[PDB]
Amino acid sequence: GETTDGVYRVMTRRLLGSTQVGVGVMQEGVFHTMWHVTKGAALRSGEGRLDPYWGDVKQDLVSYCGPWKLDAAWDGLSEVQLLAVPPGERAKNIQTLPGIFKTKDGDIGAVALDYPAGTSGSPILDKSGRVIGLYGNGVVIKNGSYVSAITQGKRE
């Protein structure tokens, strides 16, 4: 199937009609998404099949066809862009200055952007166009809004 670099919708026909369950990134022949989008299940790409290769529930990440390839990191200073791919709608770039998740094991960039469930896995980009993490694992805060970590894997 198609393996061109880019952003992809993750779809299913198990429910009524076709439903977008998430989003992911194809880079260097590897498909990258958030664990909770696929639960680590095999995927179809056209006539081909993508098998899971690496994943971790706690990081909430999974890669298909090879190891995690995305290694860019937020510089902690500059605005970034969410390349949001909402269900039934065209891909769109939203620019923002990340906040910070403060944890016992260090700080993580976080974006205060609120998109529906089907957009989990959408990439967050730096100004060079490199993917610095995926959108869709985060917190609901008091004001009802959603704040997503900038979740990035490790390239071995």
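One rule holds for the numbers: they count along the sequence shown, beginning at 1.
Requested in this report: Give the stretch, out of 5 to 13 and 137 to 145, with the larger mean C-alpha temperature factor in the deposited entry.
Outcome: Comparing averages over the C-alpha atoms only gives 137 to 145.
Query raised in the report: Is the mean CA B factor in the deposited entry higher across 88 to 96 or across 58 to 66?
Result: Comparing 88 to 96 with 58 to 66, the higher average CA B-factor belongs to 88 to 96.
Query raised in the report: Quick one: which of 121, 29, 48, 40 has the biggest Cα B-factor according to the entry?
Result: Checking the PDB record, the top C-alpha B-factor among 121, 29, 48, 40 is at 48.
Query raised in the report: How does residue 111 rank on Cα B-factor within its chain, lowest, middle or highest third?
Result: It belongs to the middle third of the chain when residues are ordered by C-alpha B-factor.
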